[PDB]
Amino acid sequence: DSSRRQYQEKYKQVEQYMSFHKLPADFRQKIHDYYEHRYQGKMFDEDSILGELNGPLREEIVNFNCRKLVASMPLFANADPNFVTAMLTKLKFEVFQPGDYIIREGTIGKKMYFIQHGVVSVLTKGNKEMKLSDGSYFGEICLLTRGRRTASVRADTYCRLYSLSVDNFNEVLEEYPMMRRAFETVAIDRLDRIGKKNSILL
């Protein structure tokens, strides 16, 4: 009941802050809808709880919680069980509401995303659209190239994503260099299909 009580306290604090800034009741509604989807009436201090454990127990728990997600991801079917673990322990859960732009083309990228549930549209400057759904990943090209985002990515439904920051990305890939080659190969093919080629991926 501490987890529920903490949800209630933090939400009330948001309500107060929204009241103070005189936000539209319709936008407050949007915030509430976000809290409901993202937290579902509960807040745990995950990092604090896992911080009390040792390494193996931390990795056991996360592997356990992320079983359905891992089953769904081609990246991981075939991959080393320990690469899968090194990624999982670095993931941040995030939720987006339909219509929200997750990534805008042309900006500097600082994270990658894995789709657990939802549909996203990858939109090029030139108006071509490709859909990505459960088990796919996007946002990695910028991280490989140290360049800019090559396309926009817009939630077409509620999306439940896990993000991975550029430092955690580069770290896991120092440890698993074969997996860098796997990401670059897909990146090259994805770029080709949108009229692009970057030779730093070769």
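In this text, residue numbers run from 1 along the sequence as written.
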{"property": "82 to 90 versus 120 to 128 - which carries the larger mean C-alpha B factor in the record", "result": "82 to 90"}
{"property": "Mean C-alpha B-factor comparison - 168 to 176 and 32 to 40, higher one", "result": "168 to 176"}
{"property": "Residue with maximal Cα B-factor (values as given in the PDB entry) among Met112, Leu75, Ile102, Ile108", "result": "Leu75"}
{"property": "Top Cα B factor in the deposited entry, candidates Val186, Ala25, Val14, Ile194", "result": "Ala25"}
{"property": "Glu140 CA temperature factor, ranked by third within the chain", "result": "lowest"}
{"property": "Record-listed C-alpha B factor of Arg149: chain third", "result": "lowest"}
{"property": "Entry-reported Cα temperature factor of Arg58, expressed as the chain third it lands in", "result": "middle"}
{"property": "CA B-factor placement of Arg190, once the chain's modelled residues are sorted into thirds", "result": "lowest"}
{"property": "Where the record places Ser163 (Cα B-factor, split into thirds across the chain)", "result": "lowest"}
